[PDB]
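Report on one structure; see the data block that follows.
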Amino acid sequence: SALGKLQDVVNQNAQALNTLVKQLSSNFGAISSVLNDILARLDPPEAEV
Amino acid sequence: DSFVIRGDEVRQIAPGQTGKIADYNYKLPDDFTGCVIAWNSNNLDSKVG
């Protein structure tokens with residue numbers, strides 16, 4: 001734990017990147033989190049929503 | 001835009017509708033502005049034969 005301050009900064013940055021990438025997997029109330037699935041399953045009037 | 005259609009097809013003259021005349025006869029855009037007017041014309045646009 002001598003070098004904790006630098007490891008803390010590295011961990012925080014990596015965790016922020018991991019969270020930002022992970023947020024793509026959430027659908028946010030939509031039917032799916034994948035854009036291709038929505039575009040291939042629905043017509044553009046509801047796919048727009 | 002003036003035309004004559006069926007009684008059940010008047011719902012398809014709207015933005016974002018799925019239908020037969022919507023796809024192959026008359027298509028409205030998703031961002032369409034204006035008014036659709038429909039009235040019965042059985043007395044004039046119909047014949048017994």
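As shown in the structure tokens, the chain order sets the letters A, B, ...; within each chain, residues go from 1, and ligands are also counted from 1 in the order they appear.
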Which residues come within 10 Å of range 32-44 of chain A, counting only C-alpha atoms, excluding same-chain residues fewer than 3 positions away, as a PyMOL selection string? (chain A and resi 23-29+47-49) or (chain B and resi 16-18+30)
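Distances here use only C-alpha atoms; by that measure, the residue among B:14, B:34, B:21, B:48 closest to chain A is B:14.
Here CA of residue 31 in chain B and CA of residue 30 in chain A stand 21.8 Å from one another.
DSSP secondary structure from the backbone places residues 20, 21, 22, 23 and 24 of chain B of chain B in alpha helix (DSSP H).
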Selected residues, N, CA and C atoms, written as a compact mmCIF listing (two decimals), in the first residue's frame, please.
# COMPACT_ATOMS: atom_id res chain seq x y z
N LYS B 20 -51.66 -1.38 -46.53
CA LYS B 20 -51.44 -1.81 -47.91
C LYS B 20 -51.33 -0.60 -48.83
N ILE B 21 -52.30 0.31 -48.76
CA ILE B 21 -52.26 1.53 -49.55
C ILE B 21 -51.22 2.49 -48.99
N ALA B 22 -50.86 2.32 -47.71
CA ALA B 22 -49.80 3.12 -47.12
C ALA B 22 -48.46 2.80 -47.78
N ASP B 23 -48.23 1.53 -48.07
CA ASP B 23 -46.96 1.09 -48.65
C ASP B 23 -46.94 1.23 -50.17
N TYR B 24 -48.02 0.84 -50.87
CA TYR B 24 -47.96 0.77 -52.32
C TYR B 24 -48.81 1.82 -53.05
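Taking CA of residue 1 in chain B and CA of residue 45 in chain A as endpoints, the distance between them is 22.2 Å.
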With distances taken over only C-alpha atoms, which of B:42, B:28, B:33, B:3 is nearest to chain A? B:28
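Between chain A and the candidates B:10, B:4, B:47, B:29, the tightest atom-to-atom separation, counting only C-alpha atoms, involves B:29.
Note that the spacing between CA of residue 12 in chain B and CA of residue 46 in chain A amounts to 15.7 Å.
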